[PDB]
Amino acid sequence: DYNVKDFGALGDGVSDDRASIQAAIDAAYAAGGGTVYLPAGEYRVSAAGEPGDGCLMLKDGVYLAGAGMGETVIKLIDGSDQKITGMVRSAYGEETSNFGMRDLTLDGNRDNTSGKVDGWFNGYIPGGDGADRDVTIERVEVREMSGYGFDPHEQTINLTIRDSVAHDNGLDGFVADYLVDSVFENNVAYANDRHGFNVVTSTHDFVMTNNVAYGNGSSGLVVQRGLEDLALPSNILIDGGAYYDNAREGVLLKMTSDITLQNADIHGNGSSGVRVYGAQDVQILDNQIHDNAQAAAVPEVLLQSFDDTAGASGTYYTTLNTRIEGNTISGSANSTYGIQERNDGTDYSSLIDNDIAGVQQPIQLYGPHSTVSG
């Protein structure tokens, strides 16, 4: 255990405490691991060097701990004008283990800086054989980043992010880039320019419990393959929470499979409450999907296939085996259907015991093997 102030950190909202804080981290590391504590206050930091160096470099066994969100604030210095891949991060090309941070706030100060800045970043090597392991983030707030809020990256095994908040960031509040056997729980993402939550790049065996996303510039939560022709994310459980008042969809599932969305409240979104776009074996169970299509004539729940024949994969992602059961669906004045399949090859949808109401038309299926009951 080390108090950054014992290493020269002032936390006066002006002085550059980077070196001090980094010194404390290095001491903990050398001691084989420990907690680096930062008393209440605003600690300014500058880029450590190249983008990949971020601001603060965590290492095996080291954890950061503040006096609580909003109480302890690490903020980028005014005038900073370079790309910073993670104000707090782990080393590229190194498999870092047993580390994290809690009870503090990372402020990207994007109003007074330039360059893509991400709050948190960690991982090994994109496309490389290796991963960070055993990472825990608790009660941390990330805000004002010009880039991503929380960006745990390829590859990270057994990561846990809970009771945290990401808001007012340039891109996505939370990203799950190739996370494995990990968990996102009781987190909140709002006012981000793009997505609240963006699960991408082969992430799998991932659980998202009771997370909330609202007021985001795009989708509340999206699970997608990404730009590259890589193994699709799969085996993901979205259990509970709420995704509402987002610019686009509440929940978007694109070029993915084996996803279960259950017990969630989805409302007030610009587009569809739930959109399945080129995915297979998706289960939409016991959700409250209502009052969406606030900005467009779309259905509360949309099912369609994704044509990527001219894209990276040269594949036509046919949507198959979508189970929609036990949901309560009511539209807005614009909601076209309760549930709709596009006549694009999407097939084998199973609609079972769904209460639909307040829409121009309850259901519309086209798949020759798609069924409806109740």
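Note that residue numbering begins at 1 and tracks the sequence as displayed.
*Asks:* Look over 74 to 82 and 244 to 252 in the entry and identify the one with the greater average Cα temperature factor.
*Replies:* Per the deposited B-factors, the answer is 74 to 82.
*Asks:* Between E228, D132, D177, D163, which carries the biggest CA temperature factor in the record?
*Replies:* That would be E228, according to the entry.
*Asks:* Comparing against every modelled residue in the chain, figure out the third that the C-alpha B-factor of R323 lands in (lowest, middle or highest).
*Replies:* Lowest third.
*Asks:* Taking the values exactly as deposited, rank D172 by C-alpha B-factor within its chain and report the matching third: lowest, middle or highest.
*Replies:* It belongs to the lowest third of the chain when residues are ordered by C-alpha B-factor.
*Asks:* Among the modelled residues of this chain, does the Cα B factor of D347 put it in the lowest, middle or highest third?
*Replies:* Its C-alpha B-factor belongs to the lowest third of this chain's values.
*Asks:* Among the modelled residues of this chain, does the Cα B factor of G128 put it in the lowest, middle or highest third?
*Replies:* Ranked within chain, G128 CA B lands in the highest tercile.
*Asks:* Taking the entry's C-alpha B-factors for this chain, is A9 in the lowest, middle or highest third?
*Replies:* For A9, the deposited C-alpha B-factor lands in the highest third.
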